[PDB]
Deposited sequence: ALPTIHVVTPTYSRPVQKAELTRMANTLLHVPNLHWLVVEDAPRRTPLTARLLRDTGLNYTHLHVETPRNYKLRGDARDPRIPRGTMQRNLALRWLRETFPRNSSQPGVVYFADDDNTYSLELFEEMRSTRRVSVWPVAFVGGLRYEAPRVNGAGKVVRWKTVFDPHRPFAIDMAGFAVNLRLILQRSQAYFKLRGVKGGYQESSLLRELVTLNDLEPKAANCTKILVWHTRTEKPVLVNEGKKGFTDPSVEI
C-alpha cells in the first residue's frame, strides 16, 4: 500500500535543460512508486524531453502547455492539477501524494521518504530561498506549525517555497476548483493561493525532524556563455545538449 508520489515538474527549453532533467532523473530513479508528471512550457512536446523520459524507464506522463504573452511554471503546474483530477476519481482508492518539484532544485532521497506518508499537507525547510540560508516553518513543542521563519513577508498565509510542501492527492481531488492563482497575486503569494484553499496551518504535518533539517535545496544554474558560437554558430545545431 506504498503511496505513489506524483512529482509535478514544469520545464522549458533552454541550454541547461537536458542537464537539469538528467541529474533530476538520476535522483528520481532511486524513488519507488514514483510517477513523474512533466509539463513543458511549449506549443508541443519536444523530442528532447520525450526521448529522455522514454530512456529512463520511469513511469511518466508527458504534457505541454505554452505560456502566452505570473511565476514561471504556473500554467504548467495548473495543467498537471487538472490532469490529476481528470485521471483519478474524487473518492478514489489508490493513495497518492503530490509534489511540485522544479527541474533545477536539488533533492535528497530522504525528502521523498518524508513526504510519502503525508495525510493532508506536509511541510519542511528549503535552502536558498527568500534571501536566506533557508526558510523553515516554525513548529512548537507539540509538533504543530504555528508560524514561518522567514524575512520576506513572514505573515503571508503560507510563507513557504513550492519545493517545501507536498499534498495528499485526496485533497487535490476534493478541492477540484483549487488552482495556483496567476491573476492579481503579490510576489511570494502564489503558494498561498493554493494551500489556503486546501488546508489550515494547524493541520500541516512538519517533516525533517520537526523542521530542523534541510533536505531540499533551491539551487540555481548559471546561464552558459555561448559567445564563441558567433552569429553563424560554430557547433553542430543537430547535436543535442
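Stretch of the deposited sequence left without coordinates: only 70-81.
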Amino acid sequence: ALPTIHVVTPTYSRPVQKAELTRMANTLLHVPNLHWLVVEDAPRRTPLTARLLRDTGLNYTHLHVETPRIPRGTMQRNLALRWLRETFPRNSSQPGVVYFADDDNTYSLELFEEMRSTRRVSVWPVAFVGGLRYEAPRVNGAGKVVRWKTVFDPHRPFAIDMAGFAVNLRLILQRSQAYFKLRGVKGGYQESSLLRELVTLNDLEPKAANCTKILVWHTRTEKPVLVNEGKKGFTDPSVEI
From here on, numbers count along this sequence of modelled residues.
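When the mean C-alpha temperature factors of 115-123 and 92-100 are read from the deposited coordinates, 92-100 comes out higher. Comparing 223-231 with 7-15, the stretch with the higher mean C-alpha B-factor in the PDB entry is 223-231. For the set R175, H35, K207, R45, the PDB entry assigns the largest Cα B-factor to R45. Listed residues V216, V185, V199, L63 were ranked by CA B-factor as deposited; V185 comes out on top. Ranked against the other modelled residues of its chain, the C-alpha B-factor of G164 as given in the entry falls in the lowest third. In this PDB entry, the Cα temperature factor of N78 sits in the middle third of its chain's modelled residues. The PDB entry assigns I70 a C-alpha temperature factor belonging to the highest third of its chain's modelled residues. Among the modelled residues of its chain, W148 has a C-alpha B-factor that falls in the highest third, as given in the PDB entry. Ranked against the other modelled residues of its chain, the C-alpha B-factor of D203 as given in the entry falls in the lowest third.
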